[PDB]
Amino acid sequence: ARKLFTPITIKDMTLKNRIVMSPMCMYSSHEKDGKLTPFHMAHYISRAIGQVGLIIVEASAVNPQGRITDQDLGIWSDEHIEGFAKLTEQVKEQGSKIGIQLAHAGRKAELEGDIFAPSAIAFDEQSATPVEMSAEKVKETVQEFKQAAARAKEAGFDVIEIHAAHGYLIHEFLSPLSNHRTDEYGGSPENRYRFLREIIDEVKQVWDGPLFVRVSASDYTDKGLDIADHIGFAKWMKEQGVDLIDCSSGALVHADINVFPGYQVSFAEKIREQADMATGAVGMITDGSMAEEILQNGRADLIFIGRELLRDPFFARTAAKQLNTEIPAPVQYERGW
């Protein structure tokens, strides 16, 4: 069979295929309370009906002021557990595994009131200057990721992913372009990584399941982070028990990025090879042929699909056809698939 449709086991979780619905913000929590809405349910569950092996729920803030927008999903409150519990139950009932992306927007939070970051440096010209987190505020945030993970476990998620990419809080700490701290959380690569190190260790105190970490493998900026730096971080994450690194890139600051089909795959293959860590490839992957090639040539272990799943919720079926192979259809659509 095609590798794209061959199961893979990570910890005590077996995925029926290697297609992953990349986390994508829907800005649909209209009550601004971080809760799920009917749209979210239809949005996610339809891709489970569509046979996506693993569905990763969009960035969910671990702190209200850590949201990107006031319409973001949240997991900073026990009040969020009930809705997520229904979502995981329904997604899994359709045959897919489900994960959640724990996040904090840091200096990129588009909210009124003080926003936070490792250093008081604004994202750009049109952004507010963030407040430099006190050492204790940083430690409180670590606890919030821990608390959020505990809620995710209770809600029934199969996988937890830490959002350490796209110029958000953790990414801000990792990069010297945004982290000018002179305390235990700044300076050396080890210190810049400390925030993430503590988040991983604390999350593991309440979560023993598959743990993913999404990173921006490059800042595409002089004096910023590059793949070499991330290969280093990957080795440390492996030692800590991280199961897979979801390889994205950019967004820490404005930069020129050459975008094209599979433009971030090199990051996934280099980390996989040099850090001996399973990786997720993402970035303009839109057809089954590319997906199969990435897996067969050992460039990544899972294929994250974003925008193509917005155009085609049933990408799994489309990819199967493109690869001239057969996959099980949801029972209700046996007469059409």
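Numbering starts at 1 and runs along the sequence shown.
Relative to one another, 74-82 and 119-127 have unequal mean CA B-factors, and 119-127 is the one with the higher figure. If you average the C-alpha B-factors over 11-19 and over 313-321, the higher value belongs to 11-19.
Of the candidates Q205, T88, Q264, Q101, the PDB record gives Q205 the highest C-alpha temperature factor. Between the residues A217, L196, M133, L244, it is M133 that shows the highest Cα B-factor in the PDB record. Sort the modelled residues of the chain by CA B factor and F233 lands in the middle third. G106: CA B factor lies in the middle third for its chain, per the PDB record. When the CA B factors of the chain's modelled residues are split into thirds, the value for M41 lands in the middle one. The PDB entry assigns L295 a C-alpha temperature factor belonging to the lowest third of its chain's modelled residues. The entry lists a Cα temperature factor for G187 that places it in the highest third of the chain's modelled residues.
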